[PDB]
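First to last, the protein sequences are chains A and B.
Heads up: the first sequence runs through residues 1 to 65, 70 to 554, numbered per the deposited numbering.
Heads up: the second sequence runs through residues 7 to 89, 95 to 215, 233 to 356, 361 to 428, numbered per the deposited numbering.
All C-beta atoms in this analysis are idealised placements derived from N, C-alpha and C, irrespective of residue type, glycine included.
Just below is one structure, and these are the notes that go with it.
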Amino acid sequence: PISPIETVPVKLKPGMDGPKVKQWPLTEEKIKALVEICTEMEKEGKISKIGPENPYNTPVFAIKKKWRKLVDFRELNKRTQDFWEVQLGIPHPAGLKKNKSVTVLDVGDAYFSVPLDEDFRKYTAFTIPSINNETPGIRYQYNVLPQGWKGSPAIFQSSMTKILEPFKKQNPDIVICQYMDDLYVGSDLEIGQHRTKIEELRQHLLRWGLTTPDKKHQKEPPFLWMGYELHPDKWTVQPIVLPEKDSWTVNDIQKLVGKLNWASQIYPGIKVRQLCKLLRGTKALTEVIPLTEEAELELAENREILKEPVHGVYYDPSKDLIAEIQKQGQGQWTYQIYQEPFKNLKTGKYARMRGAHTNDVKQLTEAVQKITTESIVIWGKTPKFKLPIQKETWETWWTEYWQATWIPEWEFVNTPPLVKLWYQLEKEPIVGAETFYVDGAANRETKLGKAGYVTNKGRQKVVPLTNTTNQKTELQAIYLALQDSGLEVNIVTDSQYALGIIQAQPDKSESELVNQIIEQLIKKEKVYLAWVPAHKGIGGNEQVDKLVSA
Amino acid sequence: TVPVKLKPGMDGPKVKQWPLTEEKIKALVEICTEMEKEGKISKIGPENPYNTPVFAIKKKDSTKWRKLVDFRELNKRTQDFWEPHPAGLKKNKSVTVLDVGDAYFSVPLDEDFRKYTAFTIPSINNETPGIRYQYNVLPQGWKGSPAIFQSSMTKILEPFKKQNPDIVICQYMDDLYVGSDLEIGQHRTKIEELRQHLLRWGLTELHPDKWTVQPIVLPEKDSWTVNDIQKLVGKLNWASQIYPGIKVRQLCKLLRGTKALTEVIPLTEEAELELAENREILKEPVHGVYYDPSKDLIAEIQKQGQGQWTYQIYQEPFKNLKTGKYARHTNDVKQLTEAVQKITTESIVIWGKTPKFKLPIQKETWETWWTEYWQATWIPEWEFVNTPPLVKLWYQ
Ligand SMILES: CO[P@](=O)(c1cc(C)cc(CCC#N)c1)c1c(C(N)=O)[nH]c2ccc(Cl)cc12
């Protein structure tokens, strides 16, 4: 069954002509099988015979499915126009609404039941070769959407939108979701009045030449879809199986990490950081990685979580969404979204920026923006947040910090570990405390740095450093100043780089030298830090500059 | 219809639709259904690969939703077509800004160019496919529209302009900038006369002379510490990269020696002589900085805390064409968004074009929240500075 729809006009890419690919010679076994199929396809009206006037040709093959024809449209696809993105995203189950009855209508022969544009049909020409290339081969062209052509998925999906437009307008109560070939139809009508409206839609599908499974459907709830299990009043991921291994290859760990990540959208508190660390470096796919004591402990915690099957609920438009985030350590965060306390719609997780220096207050904000965007996409609205940070802690951060930063309606929730800043740099220079003028130099050719300080109380130090840079020496000088100073201290650097790092109050870093300076900053009672421009005859900076210059 | 062509080699825009809230998708469907009935926009099939973004906003002090198509990418790829601004406009006492975007809907758009104006209303959770539309009329927010319409706009104002040869009228995007040296009540009456001229072709206050530099002010203390001088030297040091006459050789002599930060340091006769010399050079303008129309305007903004923001417009760095402030609740993005619009508004009145903002905020946060406080018919180019400057102190 073809279909009486208006065709979508199609063009080739500007400048380009259609495909003129040579037909490779085939065995007699393949040629025979292709004739049998193309006769069947011709009788059903999918293809049509043509003469040798049509100058275009796309090759054809035959494989053992039972023979199944196979056209290679690689060349036509290049020359065919670009089309509109079939999907800007796939729906998440948590964004779906609860329905009484749910039915899955599979269109089946989807692409083959929609007409191809009259003016484009000529380009879909292919040839069945003769026996060892004796006579001219039989020539066909498509009157419908071929399999594997660039514009089939777009053109089919537009036809469905058109075909439903009358039915959706006439039946605003029921809801039909389009995915590829399938139509998922749901309603809050009775099992009698639902089954009738299914047959109206199945009849409506037939009115525009689309077949569909009868009352003896192929599937019924719960459905398996995109790696989910969709029940009528709940959802969950499909059965996760974390394998048992003596030895783990990379390939096994990647699939493990993937499955754990997949699970994380309903199973709360899944962690994958220690497993992911192992994947750093190269090795092959079959190279065995012995698991660290952390990764063994991490994988053990995931097995525990997955033991008891957890399910997600559906969206109620009337009620508010409540997002709620926890801290797991090593810059790992987990969240849950619900509407009625602890009946989760979904869960998830946020991972630290593997790069740069940061703190908990920054991370919590980055995790809010992730979760906010997720909610705009899934539910069309921002959820109300419940965070482990005092309003006094957040107030102290946003007012002082250089970036613009904002988080919507939120409340404190006392769930340790709680987010805090672990130190504060002084507003004004400390009286009765030493003043360490610091600088770092480094030779560009030899990579031989010197780092050190000079103080108001006389003192000096100059440490030599191998295989380093100007940046690393100026951080090393600030570290030195903290080491040889008391509980209070003043520090004068000429490194905007180090000011910029340290003023932003990191409590965590990749650079180990920065982790040392952080450790110092937390011990101290009071630290003050100021900047001067280098090479200006500024006292203290001028002295220490010459110590390191040698 | 006037025929329109893209730059040679450049294909049309293919920008992704930013996800929208429930209220905005519903508001956009109300709007886009009426525009379809009135012929302004038509549905489109999947043969159109092109796409421009779209969101809903509310114009200055209004409750009704208004459509805002983000034609920045299409504008970039069309500028051979469109690309003078009157220098007198910035020297007016009062400048009023009138939205004349509804004028464009009467004129039809070239049938062949209609493909490039495609846009998508996205659905929540992608449950339905996106509602696609292309423009049949000159669209609002496309720079081609005022250019095409300019011949018609000159004709509408030809009476009013002959009537009042002192009134400077200028046009950028969908707005009309009307400036005069008149009294504000007299001015307002000329604006009301102008509304009436526009009413016959389908059409239903800032003070540029009062914009002055926010100079790099230096402190004034009763006594000075080492730290206070060290910061003061840095401010002048950095200011000397912009300003020609700056020097601080006598100042740095006061610091010579490894002194503590809180130790007090008396100023010499030459130091206060040099310090005053700096002040008065910094109060007055920058020599040798002029607007080049070929090169881009840039805008940097710094957060000062307590609802205070500072900004600088320039073309070549450390050569400021304009500096300024923005003041006045606890939302940072809101205020930054209110600042961005204000700065652009000025830039359009002075040079006739918008600046590229260097916004001090994470891309994602801004991208999410900017439309919730945006009110203008235009949108400028932005990039995101995630580097923490020391410049916060220099413009305080
Ligand atoms: C009527 O089906 P839906 O459109 C639907 C949506 C998606 C993204 C996937 C599926 C897959 C079904 C299979 N296999 C159904 C739907 C919705 C909805 N869109 O509101 N709500 C539901 C509740 C339970 C179930 Cl099993 C399905 C749905």
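**OP:** Can you grab the Cα-Cα spacing for the pair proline 236 (chain B) / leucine 187 (chain B), in whole Å?
**Re:** Translated into positions along the second sequence, residue 236 (chain B) becomes position 208. Translated into positions along the second sequence, residue 187 (chain B) becomes position 176. So the alpha carbons of these two residues sit roughly 15 Å apart.
Original post:
Just reading off the beta strand (DSSP E) that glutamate 138 (chain A) is part of, what are its end residues?
Top reply: In the first sequence, residue 138 (chain A) corresponds to position 134, counting from 1. From DSSP, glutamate 138 (chain A) is part of no beta strand (DSSP E); its letter is neither H nor E.
Original post:
Quick one: what's got a C-beta closer than 8 Å to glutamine 182 (chain B)'s C-beta in the same chain, skipping five residues either side?
Top reply: Reading the second sequence from its first residue, position 171 is the one you call residue 182 (chain B). The answer, listed in chain order, is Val111, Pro157, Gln161, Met164, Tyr188.
Original post:
At least one CB of chain B closer than 8 Å to the CB of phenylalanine 87 (chain A): is that the case?
Top reply: Taking the first sequence and counting its residues from 1, one reaches residue 87 (chain A) at position 83. Cβ-Cβ to chain B under 8 Å: yes for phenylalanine 87 (chain A).
Original post:
Can you tell me the Cα-Cα spacing of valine 254 (chain A) and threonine 286 (chain A), whole angstroms?
Top reply: Locating residue 254 (chain A) in the first sequence gives position 250, counting from the first residue. Locating residue 286 (chain A) in the first sequence gives position 282, counting from the first residue. Taking the straight line from one Cα to the other gives about 10 Å.
Subject >> Which listed residue (A:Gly462, A:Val552, A:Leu260) has its alpha carbon closest to that of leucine 303 (chain A) >> reply: To locate residue 303 (chain A), count along the first sequence from 1; it is residue 299. Considering only alpha carbons, the answer is A:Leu260.
**OP:** With a cut-off of 8 Å on the beta carbons, I'd call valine 372 (chain A) and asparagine 348 (chain A) a contact; round off their distance for me.
**Re:** The sequence position of residue 372 (chain A) within the first sequence is 368, counting from 1. The sequence position of residue 348 (chain A) within the first sequence is 344, counting from 1. 18 Å between Cβ atoms; not a contact.
**OP:** Would you please verify whether the beta carbon of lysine 331 (chain A) is less than 8 Å from any beta carbon of chain B?
**Re:** Counting from 1 along the first sequence, the entry for residue 331 (chain A) is found at position 327. By this cut-off, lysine 331 (chain A) is not an interface position.
**OP:** Using three-state DSSP, classify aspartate 256 (chain A) as helix, strand or coil.
**Re:** As a first step, residue 256 (chain A) must be located in the first sequence, where it is residue number 252. Reduced to three states, the DSSP call for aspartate 256 (chain A) is helix.
Original post:
Short check: CB of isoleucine 375 (chain B) to CB of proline 392 (chain B), under 8 Å?
Top reply: Counted from its first residue, the second sequence places residue 375 (chain B) at position 343. Counted from its first residue, the second sequence places residue 392 (chain B) at position 360. Taking 8 Å as the Cβ cut-off, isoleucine 375 (chain B) and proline 392 (chain B) do not qualify as a contacting pair.
Original post:
Which residues, in chain order, does the segment 473 to 496 of chain A contribute to contact with chain B at a C-beta distance below 8 Å?
Top reply: For the segment 473 to 496 of chain A, residues whose beta-carbon sits nearer than 8 Å to a beta-carbon of chain B comprise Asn494, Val496.
Subject >> Buried or exposed (CB count within 10 angstroms, at least 16 for buried), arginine 199 (chain A) >> reply: On the first sequence, position 195 is the one that residue 199 (chain A) refers to. Exposed, since its Cβ has fewer than 16 Cβ neighbours within 10 Å.
**OP:** Would you tell me roughly how many angstroms separate the C-alpha atoms of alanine 158 (chain A) and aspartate 185 (chain A), rounded to the nearest one?
**Re:** Counting from 1 along the first sequence, the entry for residue 158 (chain A) is found at position 154. Counting from 1 along the first sequence, the entry for residue 185 (chain A) is found at position 181. Distance between the alpha carbons of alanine 158 (chain A) and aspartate 185 (chain A) is about 12 Å.
Original post:
Based on the DSSP secondary-structure assignment, which residues constitute the bridge partners of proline 387 (chain A)?
Top reply: If you number the first sequence from 1, residue 387 (chain A) lands on position 383. None; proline 387 (chain A) has no bridge partner.
Subject >> Selection from A:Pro97, A:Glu516, A:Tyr483 that minimises the alpha carbon distance to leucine 503 (chain A) >> reply: Working through the first sequence from its first residue, we reach residue 503 (chain A) at position 499. With respect to the C-alpha of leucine 503 (chain A), the residue from A:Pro97, A:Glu516, A:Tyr483 having the closest C-alpha is A:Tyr483.
Original post:
For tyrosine 501 (chain A), is the classification buried or exposed, using 16 other Cβ atoms within 10 angstroms of its Cβ as the cut-off for buried?
Top reply: As a working note, residue 501 (chain A) is residue 497 in the first sequence. Counting Cβ neighbours within 10 Å, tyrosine 501 (chain A) comes out exposed, since fewer than 16 surround it.
**OP:** Verify the CB distance criterion: does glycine 152 (chain A) have a CB-CB separation below 8 Å to chain B?
**Re:** Locating residue 152 (chain A) in the first sequence gives position 148, counting from the first residue. Closer than 8 Å: no.
Subject >> Proximity to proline 59 (chain A) [Cα-Cα], best of A:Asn136, A:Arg143, A:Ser3 >> reply: Locating residue 59 (chain A) in the first sequence gives position 59, counting from the first residue. Closest by alpha carbon: A:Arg143.
**OP:** Less than 8 Å between the CB atoms is what I'm expecting for residue 67 (chain A) and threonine 439 (chain A), so what's the real figure, rounded?
**Re:** Residues lacking coordinates in chain A include everything strictly between 65 and 70, among them residue 67 (chain A).
**OP:** Taking only beta-carbon positions, decide if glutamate 430 (chain A) is within less than 8 Å of chain B.
**Re:** In the first sequence, the residue the question calls residue 430 (chain A) occupies position 426. No, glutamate 430 (chain A) does not count as interfacial toward chain B.
**OP:** Just the C-alpha distance for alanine 129 (chain B) and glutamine 85 (chain B), rounded to the nearest angstrom, thanks.
**Re:** Numbered from 1 along the second sequence, position 118 holds the residue referred to as residue 129 (chain B). Numbered from 1 along the second sequence, position 79 holds the residue referred to as residue 85 (chain B). Between the alpha carbons of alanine 129 (chain B) and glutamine 85 (chain B) lies a distance of about 18 Å.
Original post:
Using the beta-carbon of each residue, which ones in chain A are nearer than 7 Å to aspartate 364 (chain B)?
Top reply: For the purposes of this step, residue 364 (chain B) is taken as the residue at position 332 of the second sequence. Those are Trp402, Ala408, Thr409, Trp410, listed as they occur along chain A.
Subject >> ligand 1 heavy atom lying under 7 Å from the CB of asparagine 103 (chain A) >> reply: Sequence index remark: in the first sequence, residue 103 (chain A) carries index 99 (1-based). Yes.
Subject >> Host alpha helix (DSSP H) of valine 189 (chain B) (start-end) >> reply: Within the second sequence, residue 189 (chain B) is the residue found at index 178, counting from 1. Taken as a continuous stretch (DSSP letters only), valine 189 (chain B) belongs to no alpha helix (DSSP H), being part of the beta strand (DSSP E) at 186 to 191.
Original post:
Does DSSP put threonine 351 (chain B) in a helix, a strand or coil?
Top reply: On the second sequence, position 323 is the one that residue 351 (chain B) refers to. Under the three-state reduction of DSSP, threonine 351 (chain B) is assigned to strand.
Original post:
Can a CB atom of chain B be found closer than 8 Å to the CB of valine 518 (chain A)?
Top reply: Within the first sequence, the letter at position 514 stands for residue 518 (chain A). Not an interface residue.
**OP:** Measure the alpha-carbon distance for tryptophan 266 (chain B) versus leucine 303 (chain B) and round it to whole angstroms.
**Re:** The sequence position of residue 266 (chain B) within the second sequence is 238, counting from 1. The sequence position of residue 303 (chain B) within the second sequence is 275, counting from 1. Those two C-alpha atoms are separated by around 15 Å.
Original post:
According to the Cβ coordinates, are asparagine 137 (chain B) and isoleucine 94 (chain A) closer than 8 Å?
Top reply: To locate residue 137 (chain B), count along the second sequence from 1; it is residue 126. To locate residue 94 (chain A), count along the first sequence from 1; it is residue 90. Inclusion of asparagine 137 (chain B) and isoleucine 94 (chain A) in the CB contact set at 8 Å is warranted, their separation being smaller than that value.
Original post:
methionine 164 (chain A): buried (16+ other C-beta within 10 angstroms of its C-beta) or exposed?
Top reply: In the first sequence, the residue the question calls residue 164 (chain A) occupies position 160. It is buried - the Cβ of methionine 164 (chain A) has at least 16 other Cβ atoms within 10 Å.
Original post:
Leaving out five residues before and five after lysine 30 (chain A) in sequence, what residues of the same chain have Cβ atoms less than 6 Å from its Cβ?
Top reply: In the first sequence, residue 30 (chain A) corresponds to position 30, counting from 1. If the five residues before and after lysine 30 (chain A) are omitted, its C-beta is found closer than 6 Å to the C-beta atoms of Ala62, all from its own chain and listed in chain order.
Subject >> For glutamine 332 (chain B), the first and last residue of its enclosing alpha helix (DSSP H) >> reply: For the purposes of this step, residue 332 (chain B) is identified with residue 304 of the second sequence, where counting begins at 1. Segment 326 to 333 is the beta strand (DSSP E) holding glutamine 332 (chain B); no alpha helix (DSSP H) there.
Original post:
Does the separation of the CB atoms of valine 106 (chain B) and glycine 196 (chain B) fall below 8 Å?
Top reply: Counted from its first residue, the second sequence places residue 106 (chain B) at position 95. Counted from its first residue, the second sequence places residue 196 (chain B) at position 185. No; because the gap between Cβ atoms is not below 8 Å, this pair is not in contact.
Original post:
Three or more C-beta pairs closer than 8 Å, one from the segment 480 to 495 of chain A and one from the segment 320 to 336 of chain A: is that the case here?
Top reply: no
**OP:** Verify the contact flag: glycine 196 (chain B), CB atom, against every heavy atom of ligand 1, threshold strictly below 7 Å.
**Re:** One-based indexing of the second sequence puts residue 196 (chain B) at position 185. Result no, Cβ not under 7 Å from ligand 1.
**OP:** Might you give, ordered along the chain, the residues of its own chain that have their beta carbon closer than 6 Å to the beta carbon of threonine 131 (chain A), omitting 5 neighbours on each side?
**Re:** On the first sequence, residue 131 (chain A) is found 127 positions in, with the first residue counted as 1. Only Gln23, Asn57, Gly141, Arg143 meet the Cβ criterion.
Original post:
Hey, does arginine 125 (chain B) have any beta-carbon neighbour from chain A nearer than 8 Å?
Top reply: The residue given as residue 125 (chain B) occupies position 114 in the second sequence. No - not a single Cβ of chain A is within 8 Å of the one on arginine 125 (chain B).
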